[PDB]
Amino acid sequence: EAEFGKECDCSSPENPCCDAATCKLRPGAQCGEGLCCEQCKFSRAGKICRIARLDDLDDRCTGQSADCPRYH
């Protein structure tokens with residue numbers, strides 16, 4: 001039998017951002033977790049999501065991703 005769990009957008013069947021039957025994002029949901037996810041949507045570009053060093057701008061959401069990018 002297939003292991004469906006590795007394909008989930010949301011691991012929990014109770015996550016409102018996903019459909020419990022498929023564990024995939026519902027229509028209009030962009031994400032179901034992350035520092036740059038809010039109510040199933042990507043946070044606005046430029047939203048501060050990780051505090052940096054004093055001379056630097058803080059890490060900011062891109063508007064296209066649910067994670068907070070780390071500068072490499």
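One is the number of the first residue; the rest follow in order along the sequence. No hydrogens, no waters, no symmetry mates; every other heavy atom, side chains included, goes into these values.
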Q: Tell me whether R44 at atom CZ has more than 12 heavy atoms from other residues, nucleotides or ligands lying less than 6.0 Å away.
A: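 No, the 6.0 Å shell around CZ holds no more than 12 heavy atoms from other groups.
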Q: Counting only pairs under 3.5 Å, give me each side-chain donor-acceptor contact of residues 5-12, with atom names and distances, residues two or more places apart or in other chains.
A:
from : atom 1 : to  : atom 2 : distance (Å)
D9   : OD2    : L25 : N      : 2.9
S12  : OG     : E14 : N      : 3.1

Q: Would you find a donor on one side and an acceptor on the other, under 3.5 Å apart, between the side chain of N15 and the backbone of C17?
A: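 Yes, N15 side chain to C17 backbone: donor-acceptor pair under 3.5 Å.
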Q: I need the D59 CG to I48 CD1 distance, nearest 0.5 Å.
A: 10.0 Å
Q: Hey, is the main chain of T62 close enough, under 3.5 Å, to the side chain of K47 for a donor-acceptor pair?
A: no
Q: How long is the span from the CG atom in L57 to the CD1 atom in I51, to the nearest 0.5 Å?
A: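 Nearest 0.5 Å value for the CG-CD1 distance: 11.0 Å.
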Q: So which of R60, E38, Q64 actually passes side-chain hydrogen bond (donor to acceptor under 3.5 Å, both in side chains) with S43?
A: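 Going through the options one by one, the only one that passes is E38.
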Q: I'd like to know if the two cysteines, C49 and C68, have SG atoms within less than 2.5 Å.
A: yes
Q: Are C31 and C37 close enough that their SG atoms are less than 2.5 Å apart?
A: yes
Q: Just wondering, more than 12 heavy atoms not from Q30 lying within 6.0 Å of its CD?
A: yes
Q: Looking at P69 and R50, what are the two nearest heavy atoms and their distance?
A: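 Result for this residue pair: O-NH1, 3.1 Å.
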Q: When rounded to the nearest 0.5 angstrom, what distance separates OG in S65 from CZ in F42?
A: 6.0 Å
Q: Are any side-chain N or O atoms of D58 and backbone N or O atoms of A52, one a donor and one an acceptor, separated by less than 3.5 Å?
A: yes
Q: If every non-hydrogen atom of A66 is compared with every non-hydrogen atom of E33, which pair is closest and at what distance?
A: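 Closest approach of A66 to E33: CB-O, 3.4 Å.
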